[PDB]
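K.L.:
So that we are looking at the same thing, I have put the structure below in C-alpha cells.
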Amino acid sequence: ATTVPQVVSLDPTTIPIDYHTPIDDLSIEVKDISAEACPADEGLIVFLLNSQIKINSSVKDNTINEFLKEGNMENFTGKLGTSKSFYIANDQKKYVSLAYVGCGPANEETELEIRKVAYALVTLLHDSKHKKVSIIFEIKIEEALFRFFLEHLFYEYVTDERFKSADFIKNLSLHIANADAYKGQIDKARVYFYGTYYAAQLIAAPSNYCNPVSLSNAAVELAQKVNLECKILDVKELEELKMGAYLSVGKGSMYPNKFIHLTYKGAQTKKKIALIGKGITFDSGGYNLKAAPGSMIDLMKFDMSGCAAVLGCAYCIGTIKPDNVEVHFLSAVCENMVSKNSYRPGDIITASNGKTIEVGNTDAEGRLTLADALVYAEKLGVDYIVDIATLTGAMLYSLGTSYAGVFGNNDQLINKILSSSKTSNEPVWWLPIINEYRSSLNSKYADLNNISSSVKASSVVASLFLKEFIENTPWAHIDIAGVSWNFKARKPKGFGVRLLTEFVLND
Amino acid sequence: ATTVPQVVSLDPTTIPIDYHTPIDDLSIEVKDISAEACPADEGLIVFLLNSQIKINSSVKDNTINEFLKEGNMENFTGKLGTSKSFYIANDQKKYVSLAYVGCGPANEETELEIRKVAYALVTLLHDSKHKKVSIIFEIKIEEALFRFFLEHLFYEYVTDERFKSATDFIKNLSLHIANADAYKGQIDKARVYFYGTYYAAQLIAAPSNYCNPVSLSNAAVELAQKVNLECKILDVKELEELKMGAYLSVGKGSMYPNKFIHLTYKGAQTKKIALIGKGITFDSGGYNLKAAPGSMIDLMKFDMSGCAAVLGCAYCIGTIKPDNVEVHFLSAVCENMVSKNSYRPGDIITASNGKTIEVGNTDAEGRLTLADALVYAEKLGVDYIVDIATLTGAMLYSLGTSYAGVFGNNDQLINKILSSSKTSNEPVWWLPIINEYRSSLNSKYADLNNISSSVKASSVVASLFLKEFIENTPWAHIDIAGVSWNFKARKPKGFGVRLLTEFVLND
Amino acid sequence: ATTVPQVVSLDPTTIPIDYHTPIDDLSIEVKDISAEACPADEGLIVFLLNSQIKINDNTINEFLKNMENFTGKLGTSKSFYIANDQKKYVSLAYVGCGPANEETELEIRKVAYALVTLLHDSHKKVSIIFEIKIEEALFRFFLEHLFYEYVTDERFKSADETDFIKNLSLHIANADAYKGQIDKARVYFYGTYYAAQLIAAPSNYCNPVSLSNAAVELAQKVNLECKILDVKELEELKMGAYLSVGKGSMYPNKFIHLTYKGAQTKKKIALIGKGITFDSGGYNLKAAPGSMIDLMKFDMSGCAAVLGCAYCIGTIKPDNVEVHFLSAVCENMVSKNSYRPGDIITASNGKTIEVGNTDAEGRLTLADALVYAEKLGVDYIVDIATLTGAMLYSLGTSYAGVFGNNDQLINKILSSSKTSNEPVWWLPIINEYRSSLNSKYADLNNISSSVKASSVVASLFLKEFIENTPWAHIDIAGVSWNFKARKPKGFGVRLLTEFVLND
Amino acid sequence: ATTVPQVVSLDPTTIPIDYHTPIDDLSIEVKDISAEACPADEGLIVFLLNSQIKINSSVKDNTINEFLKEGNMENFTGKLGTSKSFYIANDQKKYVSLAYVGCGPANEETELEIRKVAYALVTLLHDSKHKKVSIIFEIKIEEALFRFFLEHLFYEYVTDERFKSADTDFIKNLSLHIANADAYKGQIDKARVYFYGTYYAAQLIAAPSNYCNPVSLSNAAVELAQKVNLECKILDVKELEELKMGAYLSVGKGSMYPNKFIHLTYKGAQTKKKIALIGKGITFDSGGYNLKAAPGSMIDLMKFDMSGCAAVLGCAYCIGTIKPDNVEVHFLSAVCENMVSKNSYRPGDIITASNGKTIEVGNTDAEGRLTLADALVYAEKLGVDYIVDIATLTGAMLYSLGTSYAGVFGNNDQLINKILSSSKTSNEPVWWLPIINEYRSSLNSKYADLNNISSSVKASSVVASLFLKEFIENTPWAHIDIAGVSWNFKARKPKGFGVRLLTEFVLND
Ligand SMILES: [Zn+2]
Ligand SMILES: [Zn+2]
Ligand SMILES: [Zn+2]
Ligand SMILES: [Zn+2]
Ligand SMILES: [Zn+2]
Ligand SMILES: [Zn+2]
Ligand SMILES: [Zn+2]
Ligand SMILES: [Zn+2]
C-alpha cells in the first residue's frame, strides 16, 4: 500500500471497509407458500398484504393459525408502508412476533413500493433481536423485483458503525407461490447487495479517510479479492499521457492524483466495455468555492459516487465472472481544493487529445477529469463507453432525487442502459443532448469553455462538453447528482452498482 | 364588446391585432429546379448550399449563369448560418442580388439548421427592398421541414410595429427545388400555420396594460367570429355557481374580472378533444412577489402563452376546417396581483371537484387555474385533454430554451404529442411523472398543497398536482415555460400552435 | 380636489410648516474688527482662528496675551469666563478653522457645526470674531449653515422663543463689504430650511394633495402665480407617462406650476423638480437589502428644492427674468390599479415607453414635465431630481452630478455651484449607451439592457424629451439626504437661486 | 528568480507572444483622391460615404466610373455600418469587387462611428479573397481620427489564435485615397506602431493566469526591452525587502510566484522632462481571503487585473520604437498574485509601506492600491516631473462612467489637462473625476495610520484615489482608472486601453 500523506500523526491512512456483513451469516430459503407453509415456531412472522385484502395463507401452528382465521387485523389497512406487530403465544407457549406490512393496491407494486415495504419491515427488525424471520409474500411480484426487495431489505438492515466510538438474524424464510421460480435470485441478491454496500461504504467515508491515495489503495486490495488486473497510474505517467485537464484539477491538493484502471477478462467459451466513474474525493469548488446558500459543501465527500459505483460493479463482475466479456473499470481520482498551487478561473489547459479548455468555473472540475478519462478509454478500443458521475446539481430541478439521467451519442447503447435500469430497478430516464446549446461552450481563445455562457440547462451543457472527447465510440453518460445521496436519511444509496452490473451481464 | 375597466382615460381598451400581414400580398410558387430553372430576372436569388458543395443548379440568364460556372464563391464555405451577398448585372443590364446561405453538412438538417438558414436569409431581406425573391434549394429536405422553413422565414420577416409611435415588402416568392410537385401541397398550410403562430405571438407580445382578462376574451370572441367557431365566455357569477374556487382565488386581487374562454369547433360529420391553455395576463407572483434576482417580473406578460397557443390553434383549425373531429378551446383567464383583496399565502381554497388546496405559494397560481379548467374539461366528456402552460421556471434548468417538456397519464396520448412534435418541428421531450414525490404535496389541513415541501423537481411536482384534477380521461401536459419566450431576441416564439394543430389533424 | 383623502379620521390633512424661525427674531450686525472694535461687555464671544495662529474692550484685551491644549485644528473648541470693566460674568470661546487660506465649504460647515454645538449646550448676546480671511460668498454660507444647524425641527415631537439667541454681532476686517450678505443669508437660509421641512415631512403628511396645497400657500406669500393641474387636464394633455406612475396611489396626481415675472426694465427659465412623495418602487418593490425603503419620502427633494428657490426669487424679486417652477407630483405604490412591469405607455410627445422597471418612475414623470416645459417657450430648462442611487458610487454624498446638452448652460450651473457653495461636478452623456435603451416593441425602454452606468443612461432617457432647448439635469440622489445626521440638506435651493439671479 | 515554478510538468513556462502580425506584410499607400484617383483596375474598392450623399469622387476605369455616376444606391442609405457590394466588369471585362460603406451623417464622425465603420469593413475583407484593397475616403476626417481608423481596422483584422489547437492568407496591398493626402502620410508609420503596442498589451491581458504569472510576465518585459533596446531592471524579493515594500510584498505572500518589480527606462537623445508611468500588475486577483464569491464578482476574468501593466509595457514598445528626443521615461509595475493560502495576509492585518505609513487591511480584495502605494513611493524617489498610474482599480467605474470612458484623478490641474489632451488626440476617451477631501476621514484607522478601504463612503473610486494620494508628497500625479473600459464584455476580449493615451502623453512633452 502506498503511504498516505499526513499533516498530523492523527490523520488516518486507510479507509475502513467491512468485507463481512451480517448477511454473510444469514441463511436464506425460498419455500412454497402453500406446500411449505410457515411453521410460526419462533422469531418473527411478517405478512406482506395489499390494501383491504385479508390474509389467505396458513401457518402450521394451530394456535396462531386459529388467530389468523378470526380475520381481525384491527385498523391495519394494507396501506403502503403502514405496520402493525405484536407478540402472541405459540403451541409450545413461546411468544413469537406477528406483523402485517402494507404494500398498497394489488398489482401496482414498483421499486417505490418495494422500498417502502422493506423499510417498514426493517423498522421492526431494528426494534427487536430475532434469530429467525419469516416473510409471507401474499402479493404478486416479479422475480427481479423480488430480488430487489431482498437487496433493499439488507441495505436498510445493515448499519454503518465504522466511525462510532462504541447477534443479528441468522435465518430468513421467504414464503411465496411458485417458489422455485425465485430460488435463482437469492445468491444474486447476495452479490448485488454487497457491491451496493461496498459503494456506499466508500461514499460515506469522510474525505480525511477517503483521499486519492487511500481510495486507490482500496481498489488495489479489491482487485486482489475478486481477482482482477489492477493498474494505478501516477502523476509522471499522467504527464507523459498529456492529461492536462485531469492534472490541473489536482494541482491544489496535498494528495497526488491516482488513475485507477482495473480489468476483468472473462473466459472465452468478444465484447469490450469501458466503465468510467467520476472520482473527486472532495469538491470544495476550487477558487469558485462552494459558499453560496445551498451548495452543501459539507456533503461533497460524495463527488466520488461515480467511482464507487464502478468499483462496486467491479466486485459484482469479479465475483459472478461472466463469460465472453472484457470490462475496464476506470476512474481519474483527485481532490479539488483551494491553495496557492490551485488552478485558477480563466486558466487554459490542454486535454490529452490536444483540445484546449478555458476554465470558466473551477467548480465544473468533474468534467475536466472525465474528459481525460474518456480519451484514455477510447484509446483502449472498446465497443461501448459508459460514464457515471455526480455531475450537475441541476438534476435536482429536472428529474429530482429518484430518477437518474442518461445521455449518449448512440440510441442502441442508451436503450441497453434503460433495459438494465428496468431489470436492476434503479430508475433512469433518457434526456437529450441538444445541439443548439453547443455554441454556448465556444471560447474566444481556447477550443472550448467547460461551462456555458448563456444556457441554464447545466446537465445538457455538460453532456455536450463530454461529447467533445469521444471521436466515434458508442458512449453514454449517467448523471447521478440527484440520486446518489439520500438527503432525508443522510446516507448514500450506492446508486449505479446494480445498473452497471446488469448492463455488463446482459451483454 | 365588453367594456374594459380603466384607471385613467389613457388606459387602452383593446388589443391591437394585425389580421393582415405582408404574406397575404405575397405570391408563392414552387418550381422545378431544373425544368423551371430560376431566370435571375430581378430581385434576389438565394442559393441554399451545404458545406464544401458547389452550386449545381442553373439560371436562365446567360450572364449570371456564366458567372456561376466559374465556381468561385470566395470564402463562403457553406457553414451553417453564414452568408455572402452582392449585386451583379444580368442580360438586361439590370443589377440583380445573388446570395449564398450555408445550411451545414449535407443530410444533417433539422429544425435547428432550418431556423438558422431562415434567419440568415431574412437578414438579407431586411437589408433590402426587393419585390421578387427566388430561393434555390440545393439541399435534401423533407416536405414537413420544407413547410417549416417557410413558416419560420415569414416569422422572422414580419416585424411587430403595433407599439411604435412611427407597400414596402416582397410581392413574389419563387421556390426552386427538385421534385417540386411533392411540395406544392405545403404552401397553403404554411400560410395558415404561419398566421396562427403570428397571431399567438401578437397576444403574448402585447403588454399587460393592453392584454388583460377582459380585452383578451374580447379578442377571442372576435377570433371565433372570423373563423366561424362557437364562442362562450363565462363570467364571475357562473364561475361561482360552478364552484371554481381555485381559479377565482387567483383573480381576487385584480381590477379585471375573471373570464373563462370556451371556443368550440365541430367539423362535418362525413373524436372529441379539449385544449386548455394557461392564461395569466400578468403574473406578479402575488404576495409571494417576484422580487428575487432573476425572477423576470418585467416579462411576466408571457404567462398567457399557453392561452395564445390554444387560440392560435383555434385559428388554424377554424380555417382548415377538418372533418370528423370536435375541439374545445379552453382558458381560465385571470391576473395575479397584489392588493387588499388578494388571496394570501396559507389560504385554503376549494376547487370545483371538492378538493381543498393549501396555498403554500401564491406564485404557483397557474396550476390553480388549470385545476378548475381540467375539471371543466373532463365534464365535457372528451377523449383527450391536453394542456399547455408556462408553469415552472425549472424547465430552464432541465430541457432549456429549445425543447418543451410533456407529461401525461396515458402513453398512447403522450406518443401522439411526440409524433405531432416531429411533423410540426416544434421540439418536445417526454418527462416522467414520478409518484415518489406525491407525498411532498400533502397538507396537514387541506387535501393538497399547491407546492412541494421537500422536492425541488418543480416541473414534476406541478404535473403531480395537475393530475389530481383528472379523474379518468387520457391527459397530457406541455410545459412551455422555457421555450415560449426567446430571451436573446426579446420576442415570443408562438410555441405550441402548430404542435397542437398537427395533433388535432392527425387524429 | 383640495382636501386630502383619508383612510381613517386620524390621517393628517396638511403639512405642518414653520413659516417663522428664531432667526426672524435675531438682530444681525457686521462690525469692522479694526475700526469699531468689538466691545467685550457681557455674553458669548467666539474666536474663529486658524491652526498655530494666536489671537490678535474690557480687561481681557490684556487677557489678549493661555489657550494651550487648543491647537486651532478644524472643529476643535474650548471655553473661558472673564473679568470685564464692570466685572464678573461671561463665556469666551476658541474654535479652530484649520490651516489659513485653505477654507472651503467643507471647513466652514464643520466650523459652524462646532459653534452651534456651543450654543446648543448653552445666552442671548453672541459675538463672533473672524480672525480668518474668507470671501463674501463663503461668509454668507457660514451664516446660512450656522442657522441650518441651529434651528431644530420639532413639528413631529409630542413635547411642547426664550430659548434662542436674540443679538448676533460679526467682527471682520473690511466689514463694509460683507454687510450686503446678511439679508441674502436670511433669504437663502429660509429657502433651504423650507425645502428641508417638506423633505423631512413623512409621506402620510406630505402627499400629492397636501404638497400642492403647500405650494398654493407659498405662492400666496410671495404673490407668485400658481396653477395646479388635475387629472382631467393631465389626461387631455396626454401625460401618459406621468399618469401611469400614479395609477396605484390613493392620492390624485397634482402638477405644480408656479410662475414668477420680474419688473421689465428677456430671459425665461423653467425649473423642474422630481416630486415623488413616496417611492415604494411599485411592483419592482424595494425589497433588497440596501434599498432604503424607509427613507423614500425624500424622492420629492427636487420639487422641494424648486419650491425653496421659488421662495427666494419671489422674495428677492429680481428684474428682467421669468421663471416657471414645475413639478409633476405623485406617489408610486403597489395596488390592483398600479401600472405593471412591461407596460407600454405613451408620453405627451407621442413617444411610446416600455416600463422595464417600475422603480425607474422618476424619469417617467420628468419626461412629461420636460415636454410641458419646452412648450412654454423658454431659454433654459433645468431639472433637479433624486434619480439614480448609482450617484452614491460615483461622486458620493457631497457632490451632485450635472448632465446636459449645452455647454454654456452647464458652465452656468457650475458657476452657480461655486457662488452658492453647493458642490456640483460635471458628468458626460455618453451617446454610445443610447442603443441600450431601445425597446423591441416601444420606441424606448425606461431602463437599460446592458449598461450599468445608470446615471448616464437616465440622462440619455431624459434627453429624448427635449427637442431643441438648452437643458441641464442635476442628479441629487446622493447629496439630498444626510445619512449620518438623519436629516435633509435642502440641497439645490441656493444653487438654483444663484443661477436665476445671475441669469 | 527567472525560473517559472511549476506544480506539474505540463504547466506553461512562457507567455506566447506574436511579434509579427499580417500588418507587417501589408503595403500601405496614401494617394490623393483627385490627383491620383483610384484606377479601379483590380482587387476590392470600398467607398466610405455619408448618409444621403452621392458618390463625388471619380476613378480612372471608364466603365466603373460610369457605373458610379449612375446611382445604383437603391437600398444603400449611407447609414452607419450598412453596406452594399457589387461585382462589376471593368474596361477589360474582368469583374471587380466594389462596395459602399455608410458612415452616418456628415461632419459627425467620432471615435464611436469610426470604430463601427472599421468593423463593417473588416467583414468585407474577411468575406473577400482579393488581396489588393483600395479605400476611398469621401468623408471629412482629421489626421488623428484617420490614424485611429487604421489602428482599429488592424485591431479587428488580426485575431488571437495562440491558444487554439487548430491553425497565412491576408491582404497584401492597401491603398488609401483621401483629399489632401500629403497631410495624412505621416500617420501611416504611427498607426503601425500604435497598433502593435495596443495589440501587444491585449495579448498580455488575454493570456490566462497560468501562462501569465509574475515570473513569466517580468520575463516578457525583459524580452521586450531587448527587442526595443531599453534599460531593464527587475527587482526580486530580497531587494524589495531591503526597500521595505511591506504593502506590495504582503499581497503576494499567498502566491506560489515571487513578487517581481519591473523597471524599464528610456532615455532620449539630448538635443529634459522626466516621466514615471506605473501600471497595476496583479496577474490574478482572487480577492484573497476576501474571496470573489459574490454574484457578479467576475472571478473568471480577473486575469485582466494587470491591464495597467500591459498598457505601460505597450507604451514602452511605442516609445522604444519611435524614440523621441529630450525625454526620460520610467516604466514601472509592482507585479504579484493575490491568492488564498496558509501564507496569505489576512483581513485586519497591519502592514508597513516603504514610506513608513502603516495600513490596516480592511479588505484583501483592495490589494491593487497596496501595490501601487509602494510603486508610487519608489517612483517619487526617482525625482521625476510627472507620475501617472493606470490601474483596473474600482469596479464602481462600471456604475459611474461605464464601459467607454475611463476616469482620471490627480493632484495637479496642469497634468490632468495633459492627460485629457492626450485622450482627444489618441481617441481613447477619458473623463476627469474629483478627489473629494471630505471622504478622507473615512480611511482613518483606530490603530494604523490608514485603512485601505472605507466602511462609510460608497464612492469607492474617489476613496481609492484618496488612499493613493497618501503616497505622493510633492510631485504632479495623475491616476487613470480603467477597470470599466479595459475589457470589452460583449466582444469578450481586451481593448489594450491606455497604450496610445500614454504614448501621446509622452510624445507631446
Ligand atoms: Zn464541482
Ligand atoms: Zn464535482
Ligand atoms: Zn406564477
Ligand atoms: Zn404564472
Ligand atoms: Zn424609483
Ligand atoms: Zn424615485
Ligand atoms: Zn482586487
Ligand atoms: Zn485588483
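FYI, nothing fancy with the C-alpha cells labels: chains A, B, ... in order, residues from 1 per chain, ligands from 1 as they appear.
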Find the residues of chain D in contact range of chain C, meaning any atom within 10 Å when counting only C-alpha atoms, and list them as a PyMOL selection string.

P.N.:
chain D and resi 112-113+395-405+431-439+456-463+484+490

K.L.:
Counting only C-alpha atoms, collect the residues of chain C whose closest atom lies at most 10 Å from chain B, and write them out as a ChimeraX atom specification.

P.N.:
/C:231-232,235-236,238-241,243-244,246-248,283-288,334-346,349-358,439-444

K.L.:
Excluding same-chain residues fewer than 6 positions from residue 497 in chain C, what lies within 7 Å of it counting only C-alpha atoms, as a compact mmCIF listing (two decimals) with C-alpha atoms, in the first residue's frame?

P.N.:
# COMPACT_ATOMS: atom_id res chain seq x y z
CA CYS C 309 -35.98 78.59 -4.79
CA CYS C 312 -36.12 83.12 -2.63
CA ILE C 313 -36.95 84.52 -6.07

K.L.:
Can you pull out every residue with an atom within 8 Å of ligand 6? Use only C-alpha atoms and all ligand atoms and format it as a ChimeraX atom specification.

P.N.:
/C:276,278-279,281,296,299,359-362,386-388

K.L.:
Please provide as a ChimeraX atom specification all residues within 9 Å of range 263-266 of chain B, with the sequence filter that same-chain residues fewer than 6 positions apart are discarded (counting only C-alpha atoms).

P.N.:
/B:220-221,224,228-233,311,314,317-318,321-330

K.L.:
Any chance you can output those residues with N, CA, C and O atoms as a PDB file, in the first residue's frame?

P.N.:
ATOM      1  N   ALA B 220     -60.860  36.889 -28.208  1.00  0.00           N
ATOM      2  CA  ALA B 220     -61.277  35.523 -28.503  1.00  0.00           C
ATOM      3  C   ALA B 220     -62.655  35.498 -29.150  1.00  0.00           C
ATOM      4  O   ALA B 220     -62.908  34.694 -30.056  1.00  0.00           O
ATOM      5  N   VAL B 221     -63.559  36.367 -28.693  1.00  0.00           N
ATOM      6  CA  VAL B 221     -64.872  36.482 -29.324  1.00  0.00           C
ATOM      7  C   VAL B 221     -64.716  36.871 -30.790  1.00  0.00           C
ATOM      8  O   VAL B 221     -65.285  36.236 -31.685  1.00  0.00           O
ATOM      9  N   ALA B 224     -63.334  33.985 -32.866  1.00  0.00           N
ATOM     10  CA  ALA B 224     -64.340  32.963 -33.132  1.00  0.00           C
ATOM     11  C   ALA B 224     -65.294  33.390 -34.241  1.00  0.00           C
ATOM     12  O   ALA B 224     -65.764  32.549 -35.017  1.00  0.00           O
ATOM     13  N   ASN B 228     -65.474  31.318 -37.730  1.00  0.00           N
ATOM     14  CA  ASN B 228     -66.704  30.554 -37.526  1.00  0.00           C
ATOM     15  C   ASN B 228     -66.496  29.425 -36.512  1.00  0.00           C
ATOM     16  O   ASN B 228     -66.437  28.240 -36.843  1.00  0.00           O
ATOM     17  N   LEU B 229     -66.393  29.837 -35.253  1.00  0.00           N
ATOM     18  CA  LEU B 229     -66.343  28.917 -34.129  1.00  0.00           C
ATOM     19  C   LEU B 229     -67.414  29.321 -33.128  1.00  0.00           C
ATOM     20  O   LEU B 229     -67.714  30.505 -32.962  1.00  0.00           O
ATOM     21  N   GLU B 230     -68.002  28.325 -32.469  1.00  0.00           N
ATOM     22  CA  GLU B 230     -68.864  28.613 -31.331  1.00  0.00           C
ATOM     23  C   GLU B 230     -68.031  29.247 -30.222  1.00  0.00           C
ATOM     24  O   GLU B 230     -66.891  28.845 -29.971  1.00  0.00           O
ATOM     25  N   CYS B 231     -68.597  30.254 -29.569  1.00  0.00           N
ATOM     26  CA  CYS B 231     -67.889  31.012 -28.551  1.00  0.00           C
ATOM     27  C   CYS B 231     -68.768  31.173 -27.323  1.00  0.00           C
ATOM     28  O   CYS B 231     -69.984  31.349 -27.434  1.00  0.00           O
ATOM     29  N   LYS B 232     -68.142  31.118 -26.152  1.00  0.00           N
ATOM     30  CA  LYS B 232     -68.848  31.333 -24.898  1.00  0.00           C
ATOM     31  C   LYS B 232     -67.838  31.797 -23.863  1.00  0.00           C
ATOM     32  O   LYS B 232     -66.797  31.161 -23.681  1.00  0.00           O
ATOM     33  N   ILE B 233     -68.148  32.903 -23.196  1.00  0.00           N
ATOM     34  CA  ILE B 233     -67.296  33.498 -22.175  1.00  0.00           C
ATOM     35  C   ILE B 233     -68.055  33.416 -20.857  1.00  0.00           C
ATOM     36  O   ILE B 233     -69.077  34.090 -20.681  1.00  0.00           O
ATOM     37  N   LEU B 311     -55.451  29.597 -28.801  1.00  0.00           N
ATOM     38  CA  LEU B 311     -56.210  30.444 -29.716  1.00  0.00           C
ATOM     39  C   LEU B 311     -55.599  30.429 -31.112  1.00  0.00           C
ATOM     40  O   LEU B 311     -56.325  30.413 -32.114  1.00  0.00           O
ATOM     41  N   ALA B 314     -56.792  27.513 -32.567  1.00  0.00           N
ATOM     42  CA  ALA B 314     -58.194  27.691 -32.929  1.00  0.00           C
ATOM     43  C   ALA B 314     -58.327  28.373 -34.286  1.00  0.00           C
ATOM     44  O   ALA B 314     -59.190  28.006 -35.094  1.00  0.00           O
ATOM     45  N   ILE B 317     -57.439  25.605 -36.905  1.00  0.00           N
ATOM     46  CA  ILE B 317     -58.496  24.611 -37.059  1.00  0.00           C
ATOM     47  C   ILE B 317     -59.742  25.249 -37.663  1.00  0.00           C
ATOM     48  O   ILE B 317     -60.369  24.685 -38.568  1.00  0.00           O
ATOM     49  N   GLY B 318     -60.119  26.432 -37.176  1.00  0.00           N
ATOM     50  CA  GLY B 318     -61.276  27.120 -37.719  1.00  0.00           C
ATOM     51  C   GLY B 318     -61.128  27.520 -39.171  1.00  0.00           C
ATOM     52  O   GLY B 318     -62.135  27.784 -39.838  1.00  0.00           O
ATOM     53  N   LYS B 321     -60.694  23.686 -41.158  1.00  0.00           N
ATOM     54  CA  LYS B 321     -61.995  23.043 -41.032  1.00  0.00           C
ATOM     55  C   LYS B 321     -61.918  21.555 -41.344  1.00  0.00           C
ATOM     56  O   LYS B 321     -62.484  21.100 -42.346  1.00  0.00           O
ATOM     57  N   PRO B 322     -61.255  20.763 -40.505  1.00  0.00           N
ATOM     58  CA  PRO B 322     -61.182  19.321 -40.759  1.00  0.00           C
ATOM     59  C   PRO B 322     -62.500  18.629 -40.443  1.00  0.00           C
ATOM     60  O   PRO B 322     -63.349  19.138 -39.708  1.00  0.00           O
ATOM     61  N   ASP B 323     -62.658  17.443 -41.019  1.00  0.00           N
ATOM     62  CA  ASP B 323     -63.852  16.641 -40.816  1.00  0.00           C
ATOM     63  C   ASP B 323     -63.657  15.660 -39.665  1.00  0.00           C
ATOM     64  O   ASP B 323     -62.535  15.305 -39.296  1.00  0.00           O
ATOM     65  N   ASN B 324     -64.780  15.224 -39.095  1.00  0.00           N
ATOM     66  CA  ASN B 324     -64.799  14.103 -38.157  1.00  0.00           C
ATOM     67  C   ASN B 324     -64.000  14.402 -36.890  1.00  0.00           C
ATOM     68  O   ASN B 324     -63.268  13.549 -36.381  1.00  0.00           O
ATOM     69  N   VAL B 325     -64.149  15.616 -36.360  1.00  0.00           N
ATOM     70  CA  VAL B 325     -63.460  15.991 -35.131  1.00  0.00           C
ATOM     71  C   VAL B 325     -64.212  17.138 -34.476  1.00  0.00           C
ATOM     72  O   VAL B 325     -64.802  17.983 -35.153  1.00  0.00           O
ATOM     73  N   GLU B 326     -64.186  17.161 -33.145  1.00  0.00           N
ATOM     74  CA  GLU B 326     -64.781  18.217 -32.337  1.00  0.00           C
ATOM     75  C   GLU B 326     -63.730  18.665 -31.332  1.00  0.00           C
ATOM     76  O   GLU B 326     -63.166  17.835 -30.613  1.00  0.00           O
ATOM     77  N   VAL B 327     -63.458  19.966 -31.291  1.00  0.00           N
ATOM     78  CA  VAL B 327     -62.400  20.514 -30.454  1.00  0.00           C
ATOM     79  C   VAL B 327     -62.974  21.633 -29.598  1.00  0.00           C
ATOM     80  O   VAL B 327     -63.697  22.500 -30.100  1.00  0.00           O
ATOM     81  N   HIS B 328     -62.648  21.614 -28.309  1.00  0.00           N
ATOM     82  CA  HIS B 328     -62.991  22.686 -27.385  1.00  0.00           C
ATOM     83  C   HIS B 328     -61.708  23.391 -26.963  1.00  0.00           C
ATOM     84  O   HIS B 328     -60.752  22.739 -26.528  1.00  0.00           O
ATOM     85  N   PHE B 329     -61.685  24.713 -27.112  1.00  0.00           N
ATOM     86  CA  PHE B 329     -60.523  25.540 -26.800  1.00  0.00           C
ATOM     87  C   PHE B 329     -60.828  26.306 -25.520  1.00  0.00           C
ATOM     88  O   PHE B 329     -61.721  27.160 -25.500  1.00  0.00           O
ATOM     89  N   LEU B 330     -60.081  26.007 -24.459  1.00  0.00           N
ATOM     90  CA  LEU B 330     -60.384  26.493 -23.123  1.00  0.00           C
ATOM     91  C   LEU B 330     -59.228  27.306 -22.562  1.00  0.00           C
ATOM     92  O   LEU B 330     -58.059  27.052 -22.868  1.00  0.00           O
TER      93      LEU B 330
END

K.L.:
Residues of chain A within 8 Å of chain D, counting only C-alpha atoms, what are they? List them as an MDAnalysis selection string.

P.N.:
chainID A and resid 239 242 244 247 251 287:289 291:292 338:341 343:348 354:356 359:361 444:447

K.L.:
Set out as CSV a contact list for chain A and ligand 2 with a cut-off of 7 Å, giving each residue of chain A that qualifies its closest atom pair and distance in Å to one decimal, counting only C-alpha atoms and all ligand atoms, ordered by chain and rising residue number.

P.N.:
residue,atom,partner,partner_atom_place_in_ligand_line,distance
A:280,CA,ligand 2,1 (Zn),6.2
A:283,CA,ligand 2,1 (Zn),5.3
A:303,CA,ligand 2,1 (Zn),5.2
A:363,CA,ligand 2,1 (Zn),6.5
A:364,CA,ligand 2,1 (Zn),6.4
A:365,CA,ligand 2,1 (Zn),5.8
A:366,CA,ligand 2,1 (Zn),4.7
A:390,CA,ligand 2,1 (Zn),6.7
A:391,CA,ligand 2,1 (Zn),6.2

K.L.:
Pull N, CA and C atoms from the residues just selected and write them as an mmCIF file, in the first residue's frame.

P.N.:
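That gives us result_9.cif:
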data_model
loop_
_atom_site.group_PDB
_atom_site.id
_atom_site.type_symbol
_atom_site.label_atom_id
_atom_site.label_comp_id
_atom_site.auth_asym_id
_atom_site.auth_seq_id
_atom_site.Cartn_x
_atom_site.Cartn_y
_atom_site.Cartn_z
ATOM 1 N N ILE A 280 -13.905 12.435 -7.508
ATOM 2 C CA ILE A 280 -13.418 13.591 -6.765
ATOM 3 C C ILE A 280 -13.670 13.318 -5.285
ATOM 4 N N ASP A 283 -14.869 17.897 -3.196
ATOM 5 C CA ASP A 283 -15.015 19.020 -4.113
ATOM 6 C C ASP A 283 -15.372 20.255 -3.294
ATOM 7 N N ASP A 303 -18.787 13.336 -4.120
ATOM 8 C CA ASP A 303 -18.456 13.596 -5.525
ATOM 9 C C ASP A 303 -17.580 12.503 -6.136
ATOM 10 N N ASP A 363 -15.438 24.978 -10.216
ATOM 11 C CA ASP A 363 -16.389 24.030 -9.646
ATOM 12 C C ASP A 363 -17.003 23.116 -10.698
ATOM 13 N N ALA A 364 -16.666 23.304 -11.968
ATOM 14 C CA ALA A 364 -17.011 22.358 -13.032
ATOM 15 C C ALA A 364 -15.799 21.502 -13.379
ATOM 16 N N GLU A 365 -15.179 20.937 -12.342
ATOM 17 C CA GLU A 365 -13.937 20.192 -12.482
ATOM 18 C C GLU A 365 -14.160 18.725 -12.810
ATOM 19 N N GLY A 366 -15.315 18.170 -12.442
ATOM 20 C CA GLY A 366 -15.572 16.767 -12.727
ATOM 21 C C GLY A 366 -15.451 16.440 -14.203
ATOM 22 N N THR A 390 -21.558 12.225 -10.463
ATOM 23 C CA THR A 390 -22.350 13.247 -9.778
ATOM 24 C C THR A 390 -21.991 14.596 -10.397
ATOM 25 N N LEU A 391 -22.590 14.871 -11.554
ATOM 26 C CA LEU A 391 -22.126 15.972 -12.404
ATOM 27 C C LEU A 391 -22.825 17.287 -12.075
#

K.L.:
Counting only C-alpha atoms, figure out which residue out of A:323, A:24, A:42, A:142 gets nearest to residue 191 in chain A.

P.N.:
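Looking only at the distances to residue 191 in chain A, the closest residue turns out to be A:24.
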